[PDB]
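Heads up: the structure comes next, in C-alpha cells.
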Amino acid sequence: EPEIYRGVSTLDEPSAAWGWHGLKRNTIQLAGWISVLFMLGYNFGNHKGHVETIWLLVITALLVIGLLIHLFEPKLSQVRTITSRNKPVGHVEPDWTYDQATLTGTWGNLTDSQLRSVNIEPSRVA
Amino acid sequence: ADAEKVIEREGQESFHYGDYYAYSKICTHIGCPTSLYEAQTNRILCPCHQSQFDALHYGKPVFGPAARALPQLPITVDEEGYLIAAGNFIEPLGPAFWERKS
Amino acid sequence: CXXXXXXXXXXXXXXXXXXXXX
Amino acid sequence: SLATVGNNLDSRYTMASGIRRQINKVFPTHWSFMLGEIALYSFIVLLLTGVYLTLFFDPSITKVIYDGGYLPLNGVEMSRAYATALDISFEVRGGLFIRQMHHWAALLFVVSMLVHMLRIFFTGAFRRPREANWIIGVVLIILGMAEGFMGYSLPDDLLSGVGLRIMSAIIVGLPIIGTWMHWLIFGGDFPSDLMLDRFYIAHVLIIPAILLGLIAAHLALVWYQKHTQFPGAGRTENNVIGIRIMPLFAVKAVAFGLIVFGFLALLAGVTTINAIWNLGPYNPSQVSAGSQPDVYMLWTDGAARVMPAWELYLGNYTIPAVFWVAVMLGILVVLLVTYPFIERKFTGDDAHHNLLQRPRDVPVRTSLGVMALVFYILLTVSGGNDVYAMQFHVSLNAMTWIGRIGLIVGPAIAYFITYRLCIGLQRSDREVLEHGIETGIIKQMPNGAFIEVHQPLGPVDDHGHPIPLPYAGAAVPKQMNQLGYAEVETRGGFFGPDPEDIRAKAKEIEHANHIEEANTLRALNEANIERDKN
Amino acid sequence: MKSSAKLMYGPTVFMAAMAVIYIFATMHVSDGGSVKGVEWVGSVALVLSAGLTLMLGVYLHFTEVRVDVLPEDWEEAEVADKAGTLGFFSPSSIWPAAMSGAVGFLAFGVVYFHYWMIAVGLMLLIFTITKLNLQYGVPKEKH
C-alpha cells in the first residue's frame, strides 16, 4: 500500500521517505508573484527602446497565466461518447488470435465451406 | 548637422565652443572611463557595465546602471588660438556617494 | 528619484563664434 | 638500526597506541570523497609558489622609468610593483613558469572548493552533526575569492587597476559611512600610497594565516567525525566501510597529490595566463573593452551589470544604484552560509545523519541547487557578456536583457526540469527492483507474443514475477554488464594467449574470491538487522 | 528479402540507361535554348546514383543465396515457427542525446569558426560515439 510521509504520497514521488519532497503550493505562488513584481519593475530604468518592454510584458503575461491555472487548478471530465464501431466502458475484448488458433468463441461456428476457405477440412474438427 | 540637434542642460548653454563639447571621462556609475564614443549613434559606451550616455542630450544615460548624466566642462579659445578651460564643472565628478547632492 | 537636479534646456540657441583678433 | 629508532622514540612519547589508532582509521572509497583533496593540494602549491614569488617582488607604487628584460616598455614610467612583476617574467630564470603556476593554482583552488561544496550540498553532508564544517567551508570559499582578488591586483597593471577603481568606488558609494570606510581602507583618495602595501601585507599573511587556520581546523574536525558514506551492502549509520589509512589510503593520497601537482606544472608551461606585458601600467584615463576581473569574481561584476538605474535621492543625500547590488550579494552569501538551518526548519529533521543520500532522493534540495547554479552561471556569463556578445554575434543590449530576465525565468525552468528528472530517476530505480534488469533478449513465445527477458535481483514467487525488493538508498544495477555477465574470460597479454593451466586456476580463484566477498557483505547486512531489533 | 534483392535491378538498370542517354544527348544536341557540351553534374551524380542501387542490390542478392526458407518468407507459415530468440535490442541509452549535443557543439564551432570550439566538438563527439559502443561492455566495477 502507498504511504504518505509529509503530505507527499510515495505513489507520486517514490522516495518520499528519504529526502525533502514537495514544496507547499503557497510557496510556489509567493515566488511566482515576487518574480512578476520584479518583471514589472524592470520597466522603470532609463532605456529608451520599446522592444525590450514587449518581451517584458509577454513574459509577465505568460507568468500570470501560469500562476492562475496553478491557483484555480482548472479540471475537465471524461467525454463519455460512442464512436462508430467502438464499444462502451465495460466491454470485454475476446482474444481474437486465441479464437483464430483454436476454433472457439468468435471462430466457434464456421460453415464447412468457411473451414475449407481457411485451409482446414471439417473432418479434422469434432 | 549633429551639433544643431543638441539639447542643452539648464545652466550650461555656454559650455560649448563652436562645435566642441567636453564631458568628464569618468563614469557616473563607478569610476570607469567611458571612452567608447560612437561617431554616428553619438552614444558614449562604458566598457565596464555598459552604460550609454547621449552626446546630443548633455550626456543623459539611455542604458545601463548609470542614473546621472555626464558632467560637462566649459571650454573656449584664448587670444593665442589654443583651447582652454573657460571655467570649472558645476557638479562633483565620478561615482556618487552619500553626501553628494544639493 | 527620477532625476536629481538635471533639467532640459531653457530655450533653443544659435550663435556665430567669429573669434577674431586680426 | 630501525628496531632501535622506534624503541627510543616510543620510550619517551608513549605513542604506540596513539599511532596505531591513526593508521587504522577507515575511510570510505568514493571518487567524490576526493574532491576536497584537490583544494588542499592546490592550496599547498599556492603557498609554496607564492613564497618563491615574494623574493623578487617589490609592492611599491613609487614611479620609476623601466629599463629591464622587456625591451618594449623601456623608457615607460611605471610603478615599482609593475616593474618588478615585469622583471619576474623576463629577468628571472623560470620566473614566468612559477608566476603562471601560481595563477593556475589560484583558479584550480577556487574550482577545487566550489565543486567540493557542490558535493557536500547535493549528498547532504552538511547535516547533523556537520554544520561547523559547512560554516567553516563557506568562510573558506569567500576568503579564497577575496585572496585571489587581491592577488592579481598586486602587479598594478591596467587591467587589475580598473578592478581596484571599481572596488573603491563601490565602497565610497555606501550610505552614511561608505565615505569614511573608503578613506580608512585606502588611507585617502584612490589611488593612494600604502594601498599596494596593505593589500600585499593582507594577501601574503592575513588571509593565508586565516585560511591555514580554518583549513587545519576543518581537517581536524573531519578526522573527528571519521567521514560519511553512501548507503550500501553491510554499511549502517554507526560504521565506516572503506580502507585503512595505511597502506592504501596514504599512498593513494600521495599518488593523487602529485598528480594534481604535476598537472599544474603542465598548464604553467603550455598555457598563458595574465599576460601583463600587453596591459601596460595603470593609468586612470585608459581602459579596455574586456575588463572582467577573474572567473570567481565575475558574478559580482555580472550583478552590477544587470542592476537597473535605481538611485534614491533624499534631498541632500543620494543612494547609488550599486547599493542594491551590494544588498543582493549580501543576501546570496547569507542564504549560502545558513543553509543547514533553513533546510532543517522546512524539513523538521535534525537526527544525527551519518549516511549520505543520493541527489535523486532529495528533489527539492537538488532542484534548489541547480536553480542556484543557473543563477550563479547567469551572473558569471553576464559578468563577461561583452566578450560573449562580440565572439558569438549577439546584441550587447540583448545580452543585458537576457541577464535581467534570465535571472527570473532561468532558475524557474531549472527547478521544474530538475525536479521532474529526479522523480524520473527514482521511478527507473523502482522498475528494476519490482521486475528485474531489462535484458536485451526479445524472445517470441509460441503464441507470437514478443517478451523481454527480465533478470530478477530477488526471489520469485511462482512463475517469474519477482518479489519486489524495497528501496535501500543505494545504486541499483540497470544493465546486465553491471553484474559481470560481459566479463572477458581470456587471461593473457595483448598477444600472449596465456597457458590454460595457469588460466584455469586464476578464473577459479577470482570466482572463489568474489563469492567470499559477497558472503561477507551479506553477513554484515544480517548482523545489522538483528542488531537493529534490540 | 528474396524479392528485395531483385527489385533494385529495376531502378539500377533504369538509372544506368538514363545516365548514358543523358551524357550522349547533352554533348551532341544543340537546342538553341542551351549550349552544346556534356554536363558534368547530372552525369556523374546519375551514374553514381545507379551505383548505390547496384551496390545494395548485389549485396542483398549474394546474402539471399545462402539463407534458408525463413517463416517470414514462407507463404503458409505458422506463428509458432519463429518461436525462439530475436536477438538483442538495446532497452535504453542516454548516449544518442549526448552525441546529438556533441554534433551541435561542433556545428556551432564551424558556424562561428572558432578553432578551439571545433577541436573540442570533434573530441566531444569521439568520446560519445565511443561510449555508445562500449555501453554494454563497461566491466563490473573492480575494487
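Per-chain numbering from 1; labels A, B, C, D and E assigned in written order.
Basically, a residue touches a chain if its C-beta (ideal position, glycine included) is under 8 Å from a C-beta of that chain, and two chains touch if they have at least 3 such contacts.
Student: Along the shortest chain of touching chains, how many steps lie between chain A and chain D?
Tutor: 1
Student: By CA centroids, point me to the most central chain in this structure.
Tutor: Of all chains shown, the one whose C-alpha centroid lies nearest the global centroid is D.
Student: Count the C-beta pairs in contact for A-B and for C-D, then report the pair with the higher count.
Tutor: Result: the pair with more contacts is A-B.
Student: Quick check: how many Å separate the C-alpha centres of chain B and chain D?
Tutor: 45
Student: With centres defined as the mean C-alpha position, give me the chain A-chain C separation in Å.
Tutor: Computed from C-alpha means, the inter-chain centre distance equals 69 Å.
Student: Report the inter-centroid distance (CA atoms only) between chain A and chain E in whole Å.
Tutor: 38
Student: At least two other chains touched by the same residue of chain C: list those residues.
Tutor: In chain C, residues 4 touch at least two other chains, as defined above.
Student: Hunt down the residues of chain A that sit against at least two other chains at once, touch-wise.
Tutor: Those would be 46, 101.
Student: When you check chain D against every other chain, which residues touch at least two of them?
Tutor: As it turns out, chain D has residues touching two or more other chains at 308-311, 313, 318, 397, 447-448.
Student: Can you tell me which positions in chain A touch chain D when the two form their complex?
Tutor: 13-15, 18-23, 31, 35, 38-39, 42, 44-46, 49, 52, 55-56, 59, 63, 97-98, 101
Student: Using the touch definition up top, name the residues of chain E that touch chain D in the complex.
Tutor: Chain E reaches chain D through residues 79-80, 82-92, 112, 114, 135-141, 143.
Student: For chain D, which residues are in contact with chain C within the complex?
Tutor: Checking each residue of chain D against chain C gives 311-313, 318.
Student: Help me check something: in the complex, which residues belonging to chain D touch chain E?
Tutor: 29, 391-393, 438, 440-448, 450, 452, 479-484, 486-488
Student: Spell out the part of chain D that touches chain B in their complex, as residue ranges.
Tutor: 162, 165-166, 168-170, 172-179, 190, 284-291, 301, 304-305, 307-311, 313-322, 385-386, 396-397, 400
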